[PDB]
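What follows is a single chain, given as structure tokens, in the form deposited in one PDB entry.
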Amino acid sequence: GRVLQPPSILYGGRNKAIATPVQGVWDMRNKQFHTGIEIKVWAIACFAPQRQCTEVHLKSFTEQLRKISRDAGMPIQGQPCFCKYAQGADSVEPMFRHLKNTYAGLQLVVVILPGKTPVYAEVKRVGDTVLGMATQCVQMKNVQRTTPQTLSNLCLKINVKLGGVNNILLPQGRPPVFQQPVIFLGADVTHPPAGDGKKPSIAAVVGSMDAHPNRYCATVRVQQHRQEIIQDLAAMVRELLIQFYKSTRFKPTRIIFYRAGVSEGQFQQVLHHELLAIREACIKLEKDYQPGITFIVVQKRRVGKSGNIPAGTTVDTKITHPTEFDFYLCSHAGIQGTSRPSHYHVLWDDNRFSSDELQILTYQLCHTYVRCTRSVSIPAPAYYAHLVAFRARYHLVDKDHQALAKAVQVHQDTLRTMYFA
């Protein structure tokens, strides 16, 4: 198709070097973070068993991550003040509350986990809706034997979960939408599993709060079992809008809406409500308040040895209907096996986002993914909506819209924190 040029990532620090992505992945060595915030207090925790991951292994991992963060322009000064052992979801509460009420100004908690466990669910719920700080989790097997890319992606997640900026992108190469303070919002619905007629559905929304699209702000509300539409989009979009006004000190001119977790057969079903609900968020805030709203939908539905499609390939024929918009685009290159990256579609939009500018923006947000040094399948706000919806699945563990709604409400300084990376 049309392999779009990856933007120049502006790594900061003293060198202010640029890590240009090659084949979808960029190196992190000799590159320092743009707004790598100094780590004064931080805590590591061992929920993995001692027989598998040991204290020497954890100390070596901590030392190597600190040394690769010094190369990343992210000073983690001194040994971590907390390193203890615990296991179970019931042991999540006292340790996490201690880490809340012992280190003033603490911004991130780090835990290690063996595998698929509800302890991950409990720490995510306690961090994002009960206590109010970002939580970082890393698998057992990736702490024992640390590749440099492991520590690089981990340290990007650490830096973005503190509240700093990993790397802003090319300002002269950024799309002109950044010429005004603008917002990017993502939404995702994760339905209850089949055979269960009482679990509530999930309505998760994320939205930016900075000029460079590195800092976001999210919340989620429950709704009717397997409800495709978003129940209360006005309330949480208004919350994100007032958070944006607090943060950037300017009202948005353009807002962008990414849709995820929606089947192809009911797109209009989630349009006519939700866009209007966005208007219900915008009219009810200020008088004569009418910014432009775009509605595009994302679905995770040659290069290397595997011969996967290159990132950014454009094709508008032989897959979908000749009529309708049906703007068939993808912005990711596979690694091994087969390539089924993602599927972005434009309904009509209103901000007059041109195709090249919107494709530049979604590729930039794919590079603005703050969890790895790679261009990825779905954009950053779509990923944040997906993972915040996942966190909502971890918020109703052993718990319409009632108690459920109040068990998924994001804590007051957790919207301004990037708990979801």
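In this text, the rigid core denotes the largest set of C-alpha atoms whose superposition between the two forms falls within 1.5 Å. The numbering used is simple: start at 1 and walk along the sequence shown.
- According to the entry, the stretch of the deposited sequence that connects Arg301 to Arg302 contains 10 or more residues lacking coordinates, which leaves a long gap in the model.
- Unmodelled residues of the deposited sequence between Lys399 and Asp400: 10 or more.
If you look for the form deposited in another entry, you will not find it shown, but the lines that follow are about it.
- Superposing the rigid core between the shown form and the other one leaves a single residue from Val160, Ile76, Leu154, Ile278 with a C-alpha shift of at least 2 Å: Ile278.
- With the core held fixed between the shown form and the other one, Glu93 has its Cα displaced by under 2 Å.
- Relative to the superposed core, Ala311 shifts its CA atom by 2 Å or more between the shown form and the other one.
- Relative to the superposed core, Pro322 shifts its CA atom by 2 Å or more between the shown form and the other one.
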